[PDB]
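> Below is the file run-v3.tsv, which contains TSV, C-alpha atoms.
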chain	number	residue	atom	x	y	z
A	2	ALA	CA	7.01	22.47	17.14
A	3	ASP	CA	3.90	20.45	17.99
A	4	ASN	CA	3.06	16.78	18.60
A	5	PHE	CA	1.08	15.10	15.82
A	6	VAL	CA	-0.80	11.80	15.71
A	7	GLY	CA	-3.32	10.40	13.24
A	8	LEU	CA	-3.94	7.79	10.56
A	9	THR	CA	-2.48	7.15	7.11
A	10	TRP	CA	-4.21	5.67	4.06
A	11	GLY	CA	-2.39	4.98	0.81
A	12	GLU	CA	-4.23	4.20	-2.42
A	13	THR	CA	-2.50	1.64	-4.65
A	14	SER	CA	-4.21	0.82	-7.96
A	15	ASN	CA	-2.27	0.39	-11.20
A	16	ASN	CA	-4.82	-1.63	-13.17
A	17	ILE	CA	-8.24	-0.15	-13.91
A	18	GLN	CA	-10.92	-2.63	-14.99
A	19	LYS	CA	-14.42	-3.82	-14.08
A	20	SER	CA	-15.80	-7.31	-13.44
A	21	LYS	CA	-19.02	-9.02	-12.38
A	22	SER	CA	-19.73	-12.36	-10.72
A	23	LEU	CA	-22.85	-14.29	-11.76
A	24	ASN	CA	-25.30	-12.72	-14.21
A	25	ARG	CA	-28.43	-14.70	-13.34
A	26	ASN	CA	-28.46	-12.75	-10.07
A	27	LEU	CA	-29.30	-14.93	-7.07
A	28	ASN	CA	-26.79	-14.39	-4.26
A	29	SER	CA	-26.72	-10.96	-2.62
A	30	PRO	CA	-24.64	-10.69	0.59
A	31	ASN	CA	-25.06	-7.88	3.12
A	32	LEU	CA	-21.90	-5.77	2.93
A	33	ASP	CA	-22.16	-2.11	1.94
A	34	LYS	CA	-19.75	0.28	3.66
A	35	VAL	CA	-16.20	-0.98	3.14
A	36	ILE	CA	-15.37	-3.11	0.10
A	37	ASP	CA	-11.86	-2.92	-1.35
A	38	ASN	CA	-8.94	-5.13	-2.38
A	39	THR	CA	-5.71	-3.12	-2.51
A	40	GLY	CA	-4.61	-0.33	-0.19
A	41	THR	CA	-2.16	0.40	2.62
A	42	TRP	CA	-3.63	1.44	5.97
A	43	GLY	CA	-1.75	2.38	9.13
A	44	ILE	CA	-1.33	4.87	11.96
A	45	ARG	CA	0.52	8.17	12.27
A	46	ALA	CA	2.44	9.84	15.09
A	47	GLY	CA	5.45	12.14	15.27
A	48	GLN	CA	6.65	15.63	16.14
A	49	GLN	CA	5.99	18.86	14.25
A	50	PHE	CA	8.52	21.68	13.88
A	51	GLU	CA	8.53	25.41	13.12
A	52	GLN	CA	10.26	24.66	9.80
A	53	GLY	CA	9.14	21.08	9.24
A	54	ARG	CA	7.06	18.13	10.43
A	55	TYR	CA	7.83	14.55	11.45
A	56	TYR	CA	5.48	11.56	11.51
A	57	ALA	CA	5.99	7.80	11.25
A	58	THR	CA	3.58	5.33	9.66
A	59	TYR	CA	2.98	1.86	11.09
A	60	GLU	CA	1.36	-0.78	8.88
A	61	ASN	CA	1.12	-4.54	8.37
A	62	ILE	CA	-0.82	-5.91	5.40
A	63	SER	CA	-3.88	-4.90	3.38
A	64	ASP	CA	-6.91	-6.91	4.49
A	65	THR	CA	-8.99	-8.85	1.97
A	66	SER	CA	-11.56	-11.63	1.55
A	67	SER	CA	-9.13	-14.01	-0.16
A	68	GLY	CA	-6.16	-12.96	1.94
A	69	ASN	CA	-3.98	-16.02	2.45
A	70	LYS	CA	-0.94	-15.97	4.74
A	71	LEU	CA	-0.83	-12.41	6.07
A	72	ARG	CA	1.49	-11.36	8.90
A	73	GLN	CA	4.29	-8.79	8.85
A	74	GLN	CA	5.46	-5.42	10.16
A	75	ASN	CA	5.94	-2.02	8.52
A	76	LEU	CA	7.66	1.02	10.04
A	77	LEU	CA	8.54	4.22	8.19
A	78	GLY	CA	9.44	7.74	9.25
A	79	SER	CA	8.66	10.64	6.92
A	80	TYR	CA	10.07	14.13	7.43
A	81	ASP	CA	8.63	16.97	5.36
A	82	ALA	CA	8.01	20.72	5.55
A	83	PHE	CA	4.48	22.11	5.38
A	84	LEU	CA	3.32	25.66	4.67
A	85	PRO	CA	0.00	27.52	4.09
A	86	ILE	CA	-0.91	27.13	0.42
A	87	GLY	CA	-3.74	29.33	-0.83
A	88	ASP	CA	-5.30	30.96	2.23
A	89	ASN	CA	-5.13	28.98	5.47
A	90	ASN	CA	-6.73	25.57	4.94
A	91	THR	CA	-4.45	23.30	2.92
A	92	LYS	CA	-0.89	22.57	4.06
A	93	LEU	CA	1.56	22.07	1.21
A	94	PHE	CA	4.00	19.60	2.71
A	95	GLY	CA	6.98	17.86	1.13
A	96	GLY	CA	9.94	15.76	2.18
A	97	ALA	CA	11.52	12.31	2.31
A	98	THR	CA	10.94	9.11	4.28
A	99	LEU	CA	12.87	6.04	5.45
A	100	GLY	CA	11.92	2.85	7.27
A	101	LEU	CA	12.17	-0.93	7.30
A	102	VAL	CA	9.72	-3.66	6.31
A	103	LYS	CA	9.89	-7.18	7.74
A	104	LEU	CA	8.56	-10.10	5.70
A	105	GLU	CA	8.28	-13.68	6.96
A	106	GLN	CA	7.22	-16.84	5.13
A	107	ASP	CA	6.64	-20.52	5.87
A	108	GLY	CA	9.88	-22.47	5.59
A	109	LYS	CA	10.83	-24.12	8.88
A	110	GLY	CA	14.53	-24.81	9.35
A	111	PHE	CA	15.98	-22.94	6.38
A	112	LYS	CA	14.81	-19.32	6.41
A	113	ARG	CA	14.80	-17.75	2.95
A	114	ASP	CA	13.43	-14.28	3.73
A	115	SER	CA	15.98	-11.95	5.32
A	116	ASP	CA	13.27	-9.90	7.05
A	117	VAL	CA	15.26	-6.75	6.29
A	118	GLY	CA	14.42	-4.24	3.57
A	119	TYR	CA	15.64	-0.68	3.05
A	120	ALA	CA	12.73	1.65	2.33
A	121	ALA	CA	13.05	5.30	1.29
A	122	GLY	CA	11.42	7.80	-1.05
A	123	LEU	CA	9.58	11.12	-1.12
A	124	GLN	CA	6.23	12.56	-0.08
A	125	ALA	CA	4.16	15.73	-0.48
A	126	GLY	CA	0.55	16.87	-0.39
A	127	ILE	CA	-1.74	19.24	1.48
A	128	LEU	CA	-3.03	19.10	5.04
A	129	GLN	CA	-6.55	20.50	5.30
A	130	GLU	CA	-7.59	21.71	8.76
A	131	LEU	CA	-11.12	22.44	9.96
A	132	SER	CA	-10.65	23.67	13.53
A	133	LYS	CA	-9.04	22.86	16.87
A	134	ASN	CA	-10.22	19.25	16.67
A	135	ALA	CA	-8.62	17.29	13.82
A	136	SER	CA	-6.88	17.92	10.50
A	137	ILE	CA	-6.91	16.10	7.16
A	138	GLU	CA	-4.03	14.88	5.00
A	139	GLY	CA	-4.14	14.28	1.26
A	140	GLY	CA	-1.39	13.98	-1.33
A	141	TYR	CA	1.13	11.58	-2.85
A	142	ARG	CA	3.58	9.06	-1.41
A	143	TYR	CA	6.77	7.71	-3.00
A	144	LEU	CA	8.88	4.93	-1.50
A	145	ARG	CA	11.71	2.66	-2.66
A	146	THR	CA	12.43	-0.99	-1.84
A	147	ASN	CA	15.55	-2.87	-0.76
A	148	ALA	CA	18.06	-2.47	-3.59
A	149	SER	CA	21.71	-2.79	-2.55
A	150	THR	CA	24.32	-4.00	-5.04
A	151	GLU	CA	23.53	-6.36	-7.92
A	152	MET	CA	23.95	-10.11	-8.34
A	153	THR	CA	24.62	-10.61	-12.05
A	154	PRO	CA	26.05	-7.43	-13.67
A	155	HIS	CA	24.81	-7.20	-17.26
A	156	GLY	CA	25.99	-3.81	-18.46
A	157	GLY	CA	24.75	-2.00	-21.55
A	158	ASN	CA	24.92	1.63	-22.63
A	159	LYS	CA	23.77	5.12	-21.63
A	160	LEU	CA	21.32	6.05	-24.39
A	161	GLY	CA	19.84	9.46	-23.63
A	162	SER	CA	18.14	9.53	-20.23
A	163	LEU	CA	15.18	8.13	-18.30
A	164	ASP	CA	13.34	8.41	-14.98
A	165	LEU	CA	14.59	6.25	-12.11
A	166	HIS	CA	12.58	3.29	-10.81
A	167	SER	CA	10.08	4.61	-8.28
A	168	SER	CA	6.64	3.55	-7.05
A	169	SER	CA	3.44	5.58	-7.35
A	170	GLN	CA	1.29	5.88	-4.22
A	171	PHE	CA	-1.42	8.22	-2.97
A	172	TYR	CA	-1.83	9.94	0.37
A	173	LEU	CA	-5.07	10.45	2.28
A	174	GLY	CA	-6.02	10.45	5.96
A	175	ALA	CA	-6.21	12.55	9.11
A	176	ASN	CA	-3.89	14.14	11.67
A	177	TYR	CA	-4.60	14.86	15.33
A	178	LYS	CA	-2.08	17.09	17.12
A	179	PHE	CA	-1.45	17.13	20.87
Can the structure in the file be given as structure tokens, please?

Amino acid sequence: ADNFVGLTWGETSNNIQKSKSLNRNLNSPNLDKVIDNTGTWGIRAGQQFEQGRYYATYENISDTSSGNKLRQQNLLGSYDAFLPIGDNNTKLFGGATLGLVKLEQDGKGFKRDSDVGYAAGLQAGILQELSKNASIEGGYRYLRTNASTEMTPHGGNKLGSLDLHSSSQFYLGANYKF
């Protein structure tokens, strides 16, 4: 067992297209180092084990240039088991996670948002270490949203089979143990 603390970065991009503003070329700002639009960024900190590893991820909301009304909380605890994969650099980890996301909106008086959502899914990747300084995490991240009971039961038929409803997320960041 060993204490672990770092950062988490999830890549979320379903659509893949390219665009360009203004063709005449006249305005050219001064921003070249960090330009994105979608992506979850947070911190990491938990407790490692001889047969597993724990680490929670705290987030809020992806920053942007046209970000309007942004303010919430995100807490999730993922528990997976890592193991040397290949030689002694990457760390094939895999497990599940569970947390709670709070969402608030402008209403005043009558609150619509419940501010309570059940989150849970799966995770797995490979932790690349360099030395006794800091490690690196990189893999995939799966999480579910609040889905308890249904409102209007439709009902149909069980034709063959299909994959459940899950989200596709990436995993990339660092991990500093204590």
> Using 10 Å as the limit and counting only C-alpha atoms, can you tabulate each residue of region 85-167 of chain A that touches region 38-53 of chain A, with its shortest atom-to-atom distance in Å and the two atoms involved, as a tab-separated table?

residue	atom	partner	partner_atom	distance
A:94	CA	A:53	CA	8.4
A:95	CA	A:53	CA	9.0
A:96	CA	A:53	CA	8.9
> One number please: CA of residue 98 (chain A) to CA of residue 62 (chain A), in Å, one decimal.
19.1 Å
> With distances taken over only C-alpha atoms, which of A:126, A:156, A:7, A:140 is nearest to residue 83 (chain A)?
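For residue 83 (chain A), the nearest of the candidates is A:126.
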> Return as JSON the centre and edge lengths, in Å with one decimal, of the box along x, y and z that encloses every atom of region 3-22 of chain A in the file, padded by 8 Å per side.

{"center_x": -7.9, "center_y": 4.0, "center_z": 1.8, "size_x": 39.6, "size_y": 48.8, "size_z": 49.6}
> Quick one: distance from CA of residue 63 (chain A) to CA of residue 127 (chain A) in Å, one decimal?
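CA of residue 127 (chain A) lies 24.3 Å from CA of residue 63 (chain A).
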